[PDB]
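A quick write-up on the structure given underneath.
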Amino acid sequence: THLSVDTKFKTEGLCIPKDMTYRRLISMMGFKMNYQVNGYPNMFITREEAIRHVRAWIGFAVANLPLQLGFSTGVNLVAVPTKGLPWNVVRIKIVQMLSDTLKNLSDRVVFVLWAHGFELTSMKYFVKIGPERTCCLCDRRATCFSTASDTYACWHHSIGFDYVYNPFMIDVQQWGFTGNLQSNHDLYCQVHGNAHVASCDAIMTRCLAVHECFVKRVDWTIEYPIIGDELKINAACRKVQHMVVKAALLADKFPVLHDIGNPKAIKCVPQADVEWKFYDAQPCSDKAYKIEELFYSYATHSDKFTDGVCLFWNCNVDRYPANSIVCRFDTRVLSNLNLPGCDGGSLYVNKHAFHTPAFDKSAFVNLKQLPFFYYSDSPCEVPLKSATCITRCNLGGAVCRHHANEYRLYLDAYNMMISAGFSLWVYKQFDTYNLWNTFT
Ligand SMILES: Nc1ncnc2c1ncn2[C@@H]1O[C@H](CSCC[C@H](N)C(=O)O)[C@@H](O)[C@H]1O
Ligand SMILES: [Zn+2]
Ligand SMILES: [Zn+2]
Ligand SMILES: [Zn+2]
Ligand SMILES: [Zn+2]
Ligand SMILES: [Zn+2]
């Protein structure tokens, strides 16, 4: 489960032996590893584990000489060992930075590294380590230490603290790359250029870790803790998914529905009375028999899916065809669930980690925004006067207390979802006109 200290460390990347282990590395950074039996058996963590703690990822790079310390936050700090700053002021601003960045993301920090060596040596200057401690002021894990008061604090209660306590890290060069950082990074990303500074290294180093671990495909096995409104959000998206698809079907009576990017083969309108077809790039083994393996791009499938309507519910493709229903996460929304990722994309960590290409308007060229409405054919068990309440009773005169209340709940569900950063799009020929007809 944990990364053994006895695992060999490839030194090839370090400007001083060859046949080295983590134990011998850590000792050389200036740290005593006796805390194996206290929940901190290694400063470095397994890739497996790093992925579980992606919310904690902070890229770190370093350019007696002065030292420039860079981070994925685009912050650079210069330390005069004794432009530059005293080490006491630097190490305070580090803890300040990390706390600010991570207080609402993780219970720890993972330093993501392209190990040139000079940064691993620097760690002893701003990192203390020991047994796993809880915070003095709350029951949160301790991430910081104050030499002044000899107390330990989480990211929330770290104000004025100077040393980072029990940080985790990974050297990416230990994943069998060749060539320098920028060579490997620039393959997958052209949003992060070099300015020949540490922060740019830190940024790229994280950007590339994110690519290797997330861009590839969704790992449905790994799940992430609730840090926000996940449950409210995910519930509301499903309530909408149902309402929207049901309505599109009733309106235009599509013979078939191409549910693209459905790896679980589950109908969101179970009692449909429509040919329901499931597709996905990575169908789940358990249900793979009902799901066609397919990676949609317009270039490859503009001459397919001619019949009926395509459902792309958070299936984020180059360009959607004209006969589409789409829910798409606007990667530009600022959120604790929305982490920056590869090539202007972003890593949306909700229940699972979902890497998304950057939100581009050009994808929706063949579509229009899906306007808000509420539709119900169900029975009718502060009087609401809405043109967008498409029920029997609304055109009738006043609307029943049942539908009236369902509207106010669906509306909150819509507003919850839009606020969460999702956007709704539909075939340009869509209109509620036909849903009014379903009554007369
Ligand atoms: N270009 C593409 N073509 C087909 N499936 C894709 C795709 N890009 C991503 N996917 C798949 O679409 C899914 C997106 S996340 C799950 C979305 C699902 N329809 C739902 O409502 O929960 C993943 O299974 C992913 O592998
Ligand atoms: Zn970051
Ligand atoms: Zn605390
Ligand atoms: Zn990048
Ligand atoms: Zn709607
Ligand atoms: Zn009614």
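Just so you know, residue 1 is the first one in the sequence shown, and it goes up from there. Remember, it's 1-based here, ligands and their atoms both numbered in the order they're listed.
Side-chain rings of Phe214 and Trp57 approach one another, their centers coming within less than 6.0 Å. The ring of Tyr348 has its center closer than 6.0 angstrom to the ring center of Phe422.
In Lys385, the NZ atom is not crowded: 12 or fewer heavy atoms of neighbouring residues, nucleotides or ligands sit closer than 6.0 Å. Other residues, nucleotides and ligands contribute more than 12 heavy atoms inside 6.0 Å of the CG atom of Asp286. Within a 6.0 Å radius of CG in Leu409, other residues, nucleotides and ligands contribute more than 12 heavy atoms.
Atom numbering of ligand 1 starts at 1 in the shown order; those under 4.0 Å from a heavy atom of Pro263 are 24 (O). For ligand 1, the atoms sitting less than 4.0 Å from at least one non-hydrogen atom of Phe295 are 1 (N), 2 (C), 3 (N), numbered in the order shown with element in parentheses.
In terms of protein heavy-atom proximity, atom 7 (C) of ligand 1 is nearest to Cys315 SG, 3.6 Å. Among all non-hydrogen protein atoms, the one lying nearest atom 14 (C) of ligand 1 is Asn314 O, 3.3 Å. Atom 1 (N) of ligand 1 has its closest protein heavy atom at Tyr296 O, 2.9 Å. Of the protein's non-hydrogen atoms, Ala281 N, 3.3 Å is the one closest to atom 5 (N) of ligand 1.
Taking only nitrogen or oxygen atoms, main chain and side chain alike, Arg238 reaches within less than 3.5 Å of ligand 1. In terms of N/O distances under 3.5 Å, ligand 1 is not approached by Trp220. Residue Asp280 has at least one nitrogen or oxygen atom sitting less than 3.5 Å from a nitrogen or oxygen atom of ligand 1, judged on distance alone. Residue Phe354 has no N or O atom closer than 3.5 Å to an N or O atom of ligand 1. Where the criterion is an N or O separation shorter than 3.5 Å, residue side chain and backbone included, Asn316 fails it with respect to ligand 1.
Distance check, rounded to the nearest 0.5 Å: CH2 of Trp155 to NZ of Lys103 gives 11.5 Å. Note that CZ of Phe305 is 9.5 Å distant from NZ of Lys277, once rounded to the nearest 0.5 Å.
Checking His402 against the Zn ion (ligand 6), every N/O/S atom stays at or beyond the 2.8 Å cut-off.
Judged by the 6.0 Å and 45° rule, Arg47 forms a cation-pi pair with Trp175. Annotation: cation-pi pair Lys290/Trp276 absent, no NZ/CZ under 6.0 Å from the ring centroid and within 45° of its normal.
Angle subtended at the Zn ion (ligand 6) by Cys400 SG and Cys393 SG: 120°, rounded to 10 degrees. Here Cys380 contributes SG and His403 contributes ND1, and at the Zn ion (ligand 6) these two atoms make an angle of 90°, given to 10°.
Side chain of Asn76 to backbone of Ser199: a donor-acceptor contact under 3.5 angstrom is found.
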- Message: Run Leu339 and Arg206 through side-chain contact (heavy atoms from CB on, under 4.5 Å) and show every step you take.
- Response: CA-CA 11 Å; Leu339 301 173; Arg206 192 187 164 281; 4.0 Å; yes
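The part of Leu294 lying near ligand 1 is the backbone, judged by heavy-atom distances below 4.0 Å. Heavy atoms of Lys351 found under 4.0 angstrom from ligand 1: none, in either backbone or side chain.
Residue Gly261 holds the heavy atom nearest to atom 12 (O) of ligand 1 of all those in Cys268, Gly261, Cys237.
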